[PDB]
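Take the first sequence: its letters are residues 14 to 932, 948 to 1126, 1135 to 1375, numbered as in the authors' numbering. Ideal Cβ placement from N, Cα and C applies to all residues, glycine included.
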Amino acid sequence: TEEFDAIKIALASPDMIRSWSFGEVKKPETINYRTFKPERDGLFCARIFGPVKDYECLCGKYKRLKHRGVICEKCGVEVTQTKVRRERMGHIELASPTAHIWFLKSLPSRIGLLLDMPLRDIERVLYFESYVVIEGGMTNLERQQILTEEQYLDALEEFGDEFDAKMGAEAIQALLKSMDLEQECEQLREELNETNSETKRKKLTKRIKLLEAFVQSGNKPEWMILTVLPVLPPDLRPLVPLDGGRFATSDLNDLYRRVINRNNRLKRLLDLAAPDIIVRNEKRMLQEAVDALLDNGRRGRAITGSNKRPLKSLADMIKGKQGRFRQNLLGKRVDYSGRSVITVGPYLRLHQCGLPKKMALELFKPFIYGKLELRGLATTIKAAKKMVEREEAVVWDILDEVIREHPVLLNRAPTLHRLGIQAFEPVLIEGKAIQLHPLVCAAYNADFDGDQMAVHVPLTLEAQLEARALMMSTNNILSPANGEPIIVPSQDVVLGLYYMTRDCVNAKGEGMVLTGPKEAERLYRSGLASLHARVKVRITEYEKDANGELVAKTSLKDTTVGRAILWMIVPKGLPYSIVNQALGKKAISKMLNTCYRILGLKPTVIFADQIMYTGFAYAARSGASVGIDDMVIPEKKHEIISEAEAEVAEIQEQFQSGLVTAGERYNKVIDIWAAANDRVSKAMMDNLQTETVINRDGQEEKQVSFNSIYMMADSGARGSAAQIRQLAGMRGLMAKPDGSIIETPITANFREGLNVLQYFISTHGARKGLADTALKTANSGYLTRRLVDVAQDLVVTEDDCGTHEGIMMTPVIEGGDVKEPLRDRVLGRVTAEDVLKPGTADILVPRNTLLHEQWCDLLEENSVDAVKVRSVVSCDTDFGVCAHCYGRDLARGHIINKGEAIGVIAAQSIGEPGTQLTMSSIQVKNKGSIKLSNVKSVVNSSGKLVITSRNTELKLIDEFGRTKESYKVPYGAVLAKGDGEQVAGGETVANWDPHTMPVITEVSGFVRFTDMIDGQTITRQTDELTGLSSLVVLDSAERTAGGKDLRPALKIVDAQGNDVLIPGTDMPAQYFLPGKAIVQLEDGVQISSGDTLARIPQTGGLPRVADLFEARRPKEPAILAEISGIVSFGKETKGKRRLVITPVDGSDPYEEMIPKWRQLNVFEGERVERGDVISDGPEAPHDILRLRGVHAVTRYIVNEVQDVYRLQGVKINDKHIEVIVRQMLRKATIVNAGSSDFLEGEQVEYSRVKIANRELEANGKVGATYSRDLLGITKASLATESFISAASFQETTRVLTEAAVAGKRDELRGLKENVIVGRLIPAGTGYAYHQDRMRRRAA
DNA sequence: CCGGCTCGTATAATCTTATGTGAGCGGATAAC
DNA sequence: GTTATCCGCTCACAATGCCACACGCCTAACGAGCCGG
RNA sequence: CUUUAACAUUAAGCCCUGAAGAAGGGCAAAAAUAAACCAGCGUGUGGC
Ligand SMILES: [Mg+2]
Ligand SMILES: [Zn+2]
Ligand SMILES: [Zn+2]
């Protein structure tokens, strides 16, 4: 029907089924097919469902339209349309009751969770193997106690009429309604208030939440068991018309026939007083038959004749890649469409495409019919059909009137990102292929290798106007993933423009003088002066530094004839120094980009067209071919290979004498072949790039070459140094598929021949790369599918949330070069707070403005290192994202409008380039200030600097204050310098030992042995070839039971032998000793201030991004600190080693367990702040969230995923990854109960908690306390309020079972739901629809 | 002169190169 | 002893899109049919 | 015994609307439900 709100779901009562149906099927036969009338009371019928033909009795009595409503008596068939055959249900009244298969085997077992009874027991009740007891009463036995035949017989001896024990589905049906619901809830609530054990509280909170949701619905525990089973309207499972004889049956019809045969046989056996064994067996057969009908997968049994495939049950018509969500309710086939192969056609403009004439007559047939019947050239529709099937000459003029302003959508099939479908205007072509403008071809990522494209037609008025405004190809220049133009001129235009704008030192007409650029053109056409000969010309140029107008300026510049020709298509704005250089690929790309920045939109489009036209024209007049004498072999290749063979023979002889081992032999050979390959490549590149010597009109000079493939590489059209390296120099080192890299490299190039073995070796890398591509495609597609499932319901919905939180951005520095500066990251995001000038108390930026480009430069000039800026993850708006929390939009210019469905474009921007992926001393480098962060150090006796703080960090600074470089300075290392010591570059400023942990002291004196007994705790090991016998101290577990209860310790004393206190505190720090602690300076030996007491020895591709957005737990994570306090070890081997951290003021209830196998960092007297590392390794983000706050997990995810995308040169803006992070941490647990109705262990979406706390804080009550969860993206999709949006995604079965038990109700808000139903989307245009509806509802 | 043959048709049965997850449940396992 | 945990076994559920093309989708024995021997 | 005998027909309701004994209904009770005539899905291959 129409005008309906939210969809409601619940269980279905038997009386509801009798309210549905229109008759009772009794006979299992479909049709007689002697005559093809349907059999009465079969699966097909006419009295039950409806008329076979239109408006006719099956008897054939009433055949007139004016007899509607009155049924026949010859056939009992209501004279109605055959659409009624699509819509009337049927019912079957079963003999025995029957268990539903989903509620038994969803696995959370709904019956088993409800009755508190294990699943296997209920299974061997339902399949007739046991008994249950139903109100035994004055009986030894209990209720849920189950038996066998022997205990049942012995009970019949004992309590022969007391207990009531049944079996089969009737017994479970008896147990279900015998149970109350209120008493179980109140009893188990009192029991949960009388329980402290955790797992019992888990199970009981599950059971009472099940019961409370089950009572707050409408339904009952009787309804999980079927009694009356409904059947589908028989047009919806149609009988296949074959050719000759019989009709081919579907799967549903065979399953219903089997069920009805079994039901009739059981009903007759009940009619004749059958013995008990046979009716038990028959009820088991009927239960198994209904379990085969509803879902064939739990018992994979029903297979048909001549095709041993599982038949398609009703649940198989919903799941999978062919059920009604993925197949038919999202991707529908569409009329007015078409398909062809494509073809270039370089004469087009940017906003049009080539359309075949005949196919365009075929598409627009109704518009043609309307134009013909308008102009009087026809009267009926059949006259118009005859005229357009004759293809008379008036029809082509009519078709050209139909085209003129009516755009057409074009599409390429594996659509990744939102530039995949675009709208053009048509230009008619007598042909059979679709022409397509060549600049757009990079955006589609189209070949011309046979790639096919498709055509759709917008046909209403709003669709034409949207395809003109929102989607015409003159409106998509910048990319939504990053603000870069997608209209880069490709390979051939690059070659043309690079060949035009060069120079050579002696040509025709060199050094003459010219008037305009057009006289240089007239000299090029006549053949008087060549295309590139240097010449002084006169140029006028316009500069718009005047505030909104143009300033002329005329001068004489030393330039080239080709550059003067190219200047004629540059518009008024740009300065002449944009076309004075050699103009490769990136140069003309930034030419287009600066033309977009300074002038606007329309000169950018028309300038890209003029560039494409003249680039193809002069690429034609070049004649740049390629030939076998354009690949210059070096003259020095032969002796380099000879010297490499001499060196490998010498290393082979040094291995043969036995001096060098095999691994170092391997390493020397691979190093010298790497060096030889690099030398040959250097020689060939130096021989190609500059060999061209030409006569000056003096003697000789040098210049950049005019060789063919060097122009094809130096312009950046096709190829790199690597491909042109393999063509003439030798090719690399081929690696075998085991993972090793082979000894002998391929000594030959491609211009010479390869022999048999070397080609056979190269085949390995070929097939490896091909298989990698073949699997990488599918994995990227699946990950894109899941991300756009997650982020779909999120729309920029209001203007200004108006908060004062956010994040702090600093330009990222690994320690090598600064990877991303502050300009590129925080271009175009709205400032959180007023970042002050380095001139203090001077407002450099207002707190609530937008960092546009000029403003970004004026922020850059004062060398700001950290800017605070508003993110999406802290935006305040319920059910959406505020506008100023998201900033300016990519692919357009200004701030984002209210409605842009940013979650979908974000998921596409992450998931689009997924195909391109794959599947001992600190040394400063420049001069600046030396800053050490979290440093607490002391100079020892030997002048070295040992640090008593773990978290020391190195910052190389300039004179300004911005960070030049950064490194990590370990705890207590060998430091060549101190803090703030102004040093210069190239300096190794630090060192340490990777096999010695610092057990450094704090005072001077002696070190004495407390509980360090040789034979109990410590051992005396003599280094047998040096002479310094030392002591080795283990931990408690590695030594035996003689020192297991003992704790060895190096007690820090003075030279007298007494504990000198730490300067600042009053605590003696005796040093208890961990394992592998080699104590060198023993008792009686004087120590220093912080001296080494004990020496202690110790992915990346696409699945990294997959395992990160799943947020799955890494192996052996890093233990953090829960709250600050003094560390204290405790009891050993109660599973693990205990640890108690005592706060300064609060108590210490948490006594954390640590596997003593894994190592540790902190010491006993040491105390650390919360969230700090204990055992090194990977980290799960759960801990990062619950300890370091909310922004920390966003920064961790952004930096890691952005490292994986910076490794391949892929540039993706950060706000997309932020708005994917927001949809991951939306659920929440509750810590208290609060003052409202929320339970404690209640998982609940955060925004409802936030509006509940806002409503309670409006009054004077107390709120609730919540811990923000963090789920995987598939777990976040699969737990959503809309039960449609979780049904369309994977595991539809479990979602429909849980949603049908709970009886939910889906508001239809979001994108995916309204696509399913088929009204306007609440995202784009139609957003302005929905709130216009919403104010209609509330008022 | 009913079904022996011959046909219309309704309906029952002895794999064996996969991976990675999560999620749950039965059996051991370390304490007052 | 008995109780609250830890761990190994078993099992459901996912794995891009589109295109063309092409050939496939029962029968030994239980209720009727013909009429010969 | 004086010139052919025979007048029959007892059974189906009550109430409302309606110009009526013109007609339209409900309730106490029940056997029995030709024609003149507008006009698919499951395997394989290949491509991107
Ligand atoms: Mg291609
Ligand atoms: Zn009829
Ligand atoms: Zn906000």
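Tell whether a beta-carbon distance below 8 Å holds between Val882 and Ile820. Here the question's residue 882 lines up with position 869 in the first sequence. Here the question's residue 820 lines up with position 807 in the first sequence. A contact, by the Cβ cut-off of 8 Å.
Name the DSSP bridge partner or partners of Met821? Looking up residue 821 in the first sequence gives position 808. Note: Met821 sits in a beta bridge opposite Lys881.
Report the CB separation of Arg259 from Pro41 in whole angstroms; it is logged as a contact under 8 Å. For this step, residue 259 is matched to residue 246 along the first sequence. For this step, residue 41 is matched to residue 28 along the first sequence. The pair is not a contact, with the Cβ atoms about 16 Å apart (cut-off 8 Å).
Going straight from the alpha carbon of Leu412 to that of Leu374, what length do you get? Reading the first sequence from its first residue, position 399 is the one you call residue 412. Reading the first sequence from its first residue, position 361 is the one you call residue 374. Rounded to the nearest angstrom, the gap between the Cα atoms of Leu412 and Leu374 is 7 Å.
Quickly, what does DSSP pair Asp1342 with across the bridge? List them, please. Here the question's residue 1342 lines up with position 1306 in the first sequence. For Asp1342, the beta-bridge partners assigned by DSSP are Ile20.
Check whether the Cβ atoms of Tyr144 and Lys179 lie closer than 8 Å to each other. By one-based count along the first sequence, residue 144 stands at place 131. By one-based count along the first sequence, residue 179 stands at place 166. Yes.
Reduced DSSP category for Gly766 - H, G, I as helix; E, B as strand; rest coil: Reading the first sequence from its first residue, position 753 is the one you call residue 766. For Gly766, the three-state secondary structure derived from DSSP is coil.
What residue from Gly586, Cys608, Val408, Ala1323 has the CA that sits closest to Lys557's CA? Translated into positions along the first sequence, residue 557 becomes position 544. Among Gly586, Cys608, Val408, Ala1323, the Cα nearest to that of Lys557 is on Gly586.
Closer than 7 Å: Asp891 CB and nearest ligand 3 heavy atom: Looking up residue 891 in the first sequence gives position 878. Annotation for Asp891 indicates a beta carbon at 7 Å or more from all heavy atoms of ligand 3.
Quick check: what's the CA-CA separation for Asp785 versus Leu930? In the first sequence, counting from the first residue as 1, residue 785 sits at position 772. In the first sequence, counting from the first residue as 1, residue 930 sits at position 917. Cα to Cα, the separation comes out at about 10 Å.
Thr1329: beta carbon under 7 Å from a heavy atom of ligand 3? Start at 1 with the first residue of the first sequence, and residue 1329 comes out as number 1293. Checking the Cβ of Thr1329 against ligand 3 gives no.
So is the beta-carbon of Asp806 under 7 Å away from any non-hydrogen atom of ligand 1? Within the first sequence, the letter at position 793 stands for residue 806. Because no heavy atom of ligand 1 lies under 7 Å away, the Cβ of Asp806 does not count as near it: no.
From which residue to which residue does the alpha helix (DSSP H) around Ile683 run? On the first sequence, position 670 is the one that residue 683 refers to. For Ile683, the uninterrupted alpha helix (DSSP H) segment begins and ends at 675-702.
Mark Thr1045 as exposed unless 16 or more other C-beta atoms lie within 10 angstroms of its C-beta, in which case mark it buried. Position 1017 of the first sequence, counting from 1, holds the residue named residue 1045. Buried, since its Cβ has 16 or more Cβ neighbours within 10 Å.
Inter-residue Cα distance where the pair is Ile1248 and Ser492: Position 1212 of the first sequence, counting from 1, holds the residue named residue 1248. Position 479 of the first sequence, counting from 1, holds the residue named residue 492. Near 10 Å, if we compare the C-alpha coordinates of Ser492 and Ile1248.
Okay, do the segment 1267-1274 and the segment 1320-1327 touch, 3+ Cβ pairs below 8 Å being the bar? The segment 1267-1274, when compared against the segment 1320-1327, does not touch it at the 8 Å Cβ threshold.
Can you check the segment 373-436 for any alpha helix (DSSP H) of at least 4 residues that lies completely inside it and give the ranges in chain order? Those alpha helix (DSSP H) runs which fall completely within the segment 373-436 and span 4+ residues are 378-387, 394-403, 406-416.
To the nearest whole angstrom, what separates the beta carbons of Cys814 and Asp889, a pair I think is in contact under 8 Å? Taking the first residue of the first sequence as position 1, residue 814 is located at position 801. Taking the first residue of the first sequence as position 1, residue 889 is located at position 876. That belief holds up - the Cβ atoms of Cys814 and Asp889 are roughly 4 Å apart, short of 8 Å.
Do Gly1118 and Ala1083 count as a contact pair if the criterion is CB distance below 8 Å? Counting from 1 along the first sequence, the entry for residue 1083 is found at position 1055. Counting from 1 along the first sequence, the entry for residue 1118 is found at position 1090. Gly1118 sits away from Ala1083, with the two beta carbons spaced by 8 Å or more.
Identify every residue that forms a DSSP beta bridge with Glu833. Translated into positions along the first sequence, residue 833 becomes position 820. The partner list for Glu833 (beta bridge, DSSP) reads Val825.
Burial state of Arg123 (16 or more Cβ within 10 Å): Mapped onto the first sequence, residue 123 falls at position 110. Taking all protein chains in view, the Cβ of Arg123 is crowded by 16 or more other Cβ atoms within 10 Å, so the residue is classified as buried.
Taking C-beta to C-beta, are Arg362 and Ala467 nearer than 8 Å? Taking the first sequence and counting its residues from 1, the one referred to as residue 362 is at position 349. Taking the first sequence and counting its residues from 1, the one referred to as residue 467 is at position 454. The answer is no: Cβ separation not under 8 Å.
Is it true that the segment 655-665 meets the segment 525-535, where meeting means three or more beta-carbon pairs spaced less than 8 Å apart? No contact exists between the segment 655-665 and the segment 525-535.
Taking DSSP's pairing of strands, which residues face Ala748 in a bridge? Translated into the one-based positions of the first sequence, residue 748 becomes position 735. DSSP lists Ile754 as the beta-bridge partner residues of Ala748.
CB of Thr816 to nearest heavy atom of ligand 3: below 7 Å? Here residue 816 refers to the residue found at position 803 of the first sequence. At a threshold of 7 Å, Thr816 counts as near ligand 3, since its beta carbon sits closer than that to one of the ligand's heavy atoms.
Using a Cβ distance threshold of 8 Å, determine whether the segment 657-669 contacts the segment 711-719, with at least three qualifying pairs required. With a cut-off of 8 Å, the segment 711-719 and the segment 657-669 do not count as touching, because too few Cβ pairs lie within range.
I'd like to confirm something about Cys888: is its beta-carbon nearer than 7 Å to some heavy atom of ligand 3, or not? Position 875 of the first sequence, counted from the first residue, corresponds to residue 888. Yes, since a heavy atom of ligand 3 falls inside the 7 Å radius drawn around the Cβ of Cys888.
When you compare each of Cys366, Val858, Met1025 to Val453 by their alpha carbons, which one comes out closest? Taking the first sequence and counting its residues from 1, the one referred to as residue 453 is at position 440. Put simply, of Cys366, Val858, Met1025 the residue whose alpha carbon is nearest the alpha carbon of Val453 is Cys366.
Using only CA atoms, which one of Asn276, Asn320, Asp289 lies nearest to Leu299? Stepping through the first sequence from its first residue, residue 299 is reached at position 286. Nearest option by C-alpha distance: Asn276.
Thinking just about the alpha-carbon of each residue, which of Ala391, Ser775, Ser884 is nearest to the one in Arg842? On the first sequence, position 829 is the one that residue 842 refers to. Residue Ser884 is the option with its Cα nearest to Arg842.
Tell whether a beta-carbon distance below 8 Å holds between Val241 and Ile61. Position 228 of the first sequence, counted from the start, is the residue given in the question as residue 241. Position 48 of the first sequence, counted from the start, is the residue given in the question as residue 61. Going by C-beta atoms, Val241 is not nearer than 8 Å to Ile61.
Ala1018 and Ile950 look like a contact to me (Cβ under 8 Å); what is the Cβ gap, rounded to whole Å? The count along the first sequence starts at 1 and reaches residue 1018 at position 990. The count along the first sequence starts at 1 and reaches residue 950 at position 922. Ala1018 to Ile950, Cβ: 4 Å. Contact.
Which first and last residues belong to the beta strand (DSSP E) in which residue 945 is found? Any question about the placement of residue 945 has no answer from these coordinates, since the chain jumps from 932 to 948.
Less than 7 Å separating the Cβ of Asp785 from some heavy atom of ligand 1? Reading the first sequence from its first residue, position 772 is the one you call residue 785. Flag unset: Cβ of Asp785 not near ligand 1.
On a CA-only basis, which of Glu475, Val808, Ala600, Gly1299 is nearest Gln1367? Give me that one, please. As a first step, residue 1367 is located in the first sequence; it is residue number 1331 there, counting from the start. That would be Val808, whose Cα lies nearest to the Cα of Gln1367.
For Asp464, which three-state DSSP category applies? As a position in the first sequence, residue 464 is number 451, starting the count at 1. Of the three classes helix, strand and coil, the one that applies to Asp464 here is coil, per DSSP.
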